[PDB]
């Protein structure tokens, strides 16, 4: 029984039973997060202990708890009451998404704002938005959501077309109180609709697309065993799923001859945040931590064959817990397939007369999630040649506002009266490395330009410089695209046949990092997003760059606190945290539903193998 298997329905029910028997899950309790924990280092042999961690909210105002249970042993390992003003509020609950609109609908100040604008309260949707930490002292220790209004002209209307600017409200979702209603002035509510299935807006659908059929007549080249263990074209790994992170990859390894060589022990997107750059007080507080506050795995879509996932698809249907501890399956939530990837290697040699061509392929593991207006696909790719890549596909409907009279330095115009505030989508990939095993180190590699002179008389030479990051105090790094900066993770105790350390090189896209002022709340709460690359010493409790309880947690925790331990990372069990994001100045083409745009990173073997690992690929049939 692989200790990396997906949680089963019965395991979640067992958690529920253990919590109930221990007095921790009475009728006032709600599970805000539940997930299996990874096996401890060295546990492999033997005796598994499947532990689950749970964040338990209390709707009656009692303090929430963080609990770890052993489903194997039927026990509570630890249970701690949380002081949310200190360590953060629990993630937003799916049940709280309707509460903001419902509380506002009977509030006299909200009704007064809507009546001034001649808006029928029954048609006003309220986006349930994370609050962050600003100047409102009454919010400390309370579970707050903020609400922005959007008009639905009819039940199938896209409300995003009709933002109600100049108005925001704040709500206490436990006491069921509206704390503040701020109305700074009326703005026209944009009139056009954004209904991308309405023939009046789409026009006649094109009839020019002829079918494309992708099939595998002998089925796929990968196998799935033990529920979630993949073997494909020398790669071995396990596909996990966590309600916060989504798809997680474990034990990524490559079979090089007769040895199973580890590469990455755990790969995940450990945080993703959407900071907004509109200084209007209506939105200047808006920073949506899709992963840490909302939990991206929870909202994973069920992916339909042909439409969402094309080709010969193998699905996983991961199980999560509902708010009461009952298991719920996400049907078809994870898509797995292999696909052709063009030319792998080709050479036509005049002298030998040999013409050689081989094709590449990649294995794809993906899920797609929806967070309000946003929809994101998360894709991991494994290539025949050893490259590993992650790509995010961002789509959905842009978050809208009014477009001010006279224009805006911080908002794009989409349609008459309709704006879209500038924002970024910034990800953190947590890569618990295991290059040839756990003894690893990181070097920053820059290209080196050389001056024409002695030893370089024609002025053509160039070189490279590698700097070992020896301790966490030295391991907070920025991009330098101009100098071709990359980061190499190597195993200083494992040499290839040329007597050089085996490694993998991280190639970033070098997109802008967090733009907010360094003194802002978001720069403190999302400090990870201010730098491209961080290296920490592995510690089982250091899971997220933002810490455990992101919602309404005041800055500081996460990676800057972890790094302060100044641990040795020079030939040790280490974790690379790569920040990468999209800076989005919305364009007209993004309206009324946005075409996908992408961001990501890749790692390529760098002296990991003794020669090309794809010499045994056969000629295409």
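Positions refer to the first chain, counted from 1. We call the rigid core whatever largest set of C-alpha positions still superposes within 1.5 Å between the two forms.
Participant: Hey, after superposing on the core, which one moves around more in 7 other deposited structures of this protein, 46-54 or 588-596, CA-wise?
Facilitator: Output: 46-54, the stretch lying farther off on average in 7 other deposited structures of this protein.
Participant: Hey, after superposing on the core, which one moves around more in 7 other deposited structures of this protein, 248-256 or 71-79, CA-wise?
Facilitator: Of the two stretches, the larger average C-alpha offset in 7 other deposited structures of this protein falls on 71-79.
Participant: So which stretch wins on mean C-alpha B-factor, 37-45 or 55-63?
Facilitator: The recorded data point to 37-45.
Participant: Tell me which of 25-33 and 46-54 has the higher mean C-alpha B-factor in the deposited entry.
Facilitator: Averaged over C-alpha atoms, the B-factors run higher in 46-54.
Participant: Per the PDB entry, which option out of 394, 127, 426, 411 has the greatest Cα B factor?
Facilitator: Of 394, 127, 426, 411, 127 has the highest C-alpha B-factor.
Participant: Looking at 545, 88, 512, 501, which has the highest CA B-factor as recorded?
Facilitator: Comparing C-alpha B-factors across 545, 88, 512, 501, the top value belongs to 501.
Participant: Looking at the entry's B-factor column for C-alpha atoms only, identify whether residue 619 ranks in the lowest, middle or highest third of its chain.
Facilitator: Its C-alpha B-factor belongs to the highest third of this chain's values.
Participant: Please say which third, lowest, middle or highest, residue 583 falls into when its CA temperature factor is compared across its chain.
Facilitator: Ranked within chain, residue 583 CA B lands in the lowest tercile.
Participant: State the tercile, meaning the lowest, middle or highest third, of residue 558 with respect to the CA B-factors recorded for its chain.
Facilitator: Answer is lowest: the recorded C-alpha B-factor places it there.
Participant: When the modelled residues of the chain are sorted by Cα temperature factor, does residue 333 land in the lowest, middle or highest third?
Facilitator: For residue 333, whose C-alpha B-factor we compare with every modelled residue in the chain, the answer is the middle third.
Participant: Using the temperature factors of the C-alpha atoms in this entry, rank residue 13 within its chain: lowest, middle or highest third.
Facilitator: For residue 13, whose C-alpha B-factor we compare with every modelled residue in the chain, the answer is the highest third.
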